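S.K.: Throughout the sequence shown, residue numbering follows the numbering used here, covering 1430 to 1536 in sequence.
Idealized CB from N, CA, C, for every residue including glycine.
Handing you a structure now.
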Amino acid sequence: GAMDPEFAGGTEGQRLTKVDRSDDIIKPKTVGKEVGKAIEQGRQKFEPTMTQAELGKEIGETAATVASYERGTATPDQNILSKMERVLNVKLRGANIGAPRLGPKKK
């Protein structure tokens, strides 16, 4: 017997990469003592000094919220702390508390 198949050609491309989204760390724990202290001290490191009302305004919270946060307990909504410290490039986690630590750049 015999067989004579055909020939073909093609050129496909266009590849796209995607990043995963895993951020569901449900941990019922207060903001933290050092965290609260660093919150005030880190906000005062602004120009000239970021007050409670101002920080609250920008983060979408009230003045009492910020005042309660510096206390070291105000029910930490991950989304809140995220903006609080990122606006001034500091992190309240690790050993370099109150300093930029994997905040603006996680390198």
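Nearest CA to the CA of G1465: which residue from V1448, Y1498 and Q1507?
M.R.: The shortest Cα separation from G1465 among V1448, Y1498 and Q1507 belongs to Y1498.
S.K.: Within 8 Å (strictly less), CB to CB, does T1504 reach chain B?
M.R.: As a matter of chain content, chain B is missing from the structure shown, which is built from one protein chain.
S.K.: Answer with buried or exposed for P1505, where buried requires no fewer than 16 other C-beta atoms within 10 angstroms of its C-beta.
M.R.: It is buried - the Cβ of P1505 has at least 16 other Cβ atoms within 10 Å.
S.K.: Apart from the five residues on each side of it in sequence, which residues of its chain come closer than 6 Å, Cβ to Cβ, to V1448?
M.R.: Closer than 6 Å at the Cβ level, and outside the excluded window around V1448, lies no residue.
S.K.: Expressed to the nearest angstrom, what Euclidean distance is found between the alpha-carbon atoms of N1508 and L1445?
M.R.: Those two C-alpha atoms are separated by around 29 Å.
S.K.: Cβ atoms of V1516 and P1529: under 8 Å apart, would you say?
M.R.: No, these two residues do not count as a Cβ contact at 8 Å.
S.K.: Can you check the segment 1456-1492 for any alpha helix (DSSP H) of at least 4 residues that lies completely inside it and give the ranges in chain order?
M.R.: Within the segment 1456-1492, the complete alpha helix (DSSP H) runs of at least 4 residues are 1462-1472 and 1481-1488.
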